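Before any comments, here is the structure.
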Amino acid sequence: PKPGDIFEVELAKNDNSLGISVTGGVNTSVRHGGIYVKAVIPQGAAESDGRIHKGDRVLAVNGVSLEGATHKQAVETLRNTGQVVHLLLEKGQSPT
């Protein structure tokens, strides 16, 4: 009954892309360099399926470690997937 737990989003990168507006990432606002989505945008396959979530701590994309990078860095990973969307993230906490 506590956060810190890790989870993965297995969306289908093929046939449909994502639809989330991501932010943070940069090694400043976040802990070190992990990404944190802003919200789930009601347009892409992400919001639809609802795999990703607000301020989601994405640490991997198809096996690509995100630890040590900015927002745009992950943005590239999440986006630059290809076949399937196998993103292993972490239960993101709230601001306060």
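Last residue of the sequence shown: 96 in the deposited numbering, with the numbers rising by one and none dropped. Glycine is no exception: its CB is placed at the ideal position from the N, C-alpha and C atoms.
I'd like to check one pair, residue j with residue i: are the Cβ atoms closer than 8 Å?
i     : j     : result
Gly92 : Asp49 : no
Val58 : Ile35 : yes
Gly19 : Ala39 : no
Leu87 : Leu78 : yes
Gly25 : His71 : yes
Would you identify the three-state DSSP class for residue i, choosing helix, strand or coil?
i     : result
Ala69 : coil
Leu88 : strand
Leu18 : coil
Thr23 : strand
Which one of the options has the shortest CA to CA distance from residue i?
i     : options                       : result
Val9  : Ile52, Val22 and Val26        : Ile52
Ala12 : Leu88, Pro95 and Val84        : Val84
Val61 : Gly82, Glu47 and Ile41        : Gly82
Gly33 : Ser94, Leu66, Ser21 and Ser17 : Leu66
Express the C-alpha separation of residue j and residue i in angstroms, rounding to a whole number.
i     : j     : result
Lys2  : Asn14 : 34 Å
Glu90 : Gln43 : 23 Å
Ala74 : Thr96 : 24 Å
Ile6  : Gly68 : 17 Å
Are there any heavy atoms of the ligand MG lying less than 7 Å away from the beta-carbon of residue i, as far as the coordinates show?
i     : result
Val85 : Judged by which ligands are present, the structure shown has none, so any question about the ligand MG falls away.
Mind pulling the alpha helix (DSSP H) runs of 4 or more residues that sit fully within the region 25 to 71? Taking only runs of at least 4 residues, the alpha helix (DSSP H) segments lying wholly in the region 25 to 71 are 45 to 49.
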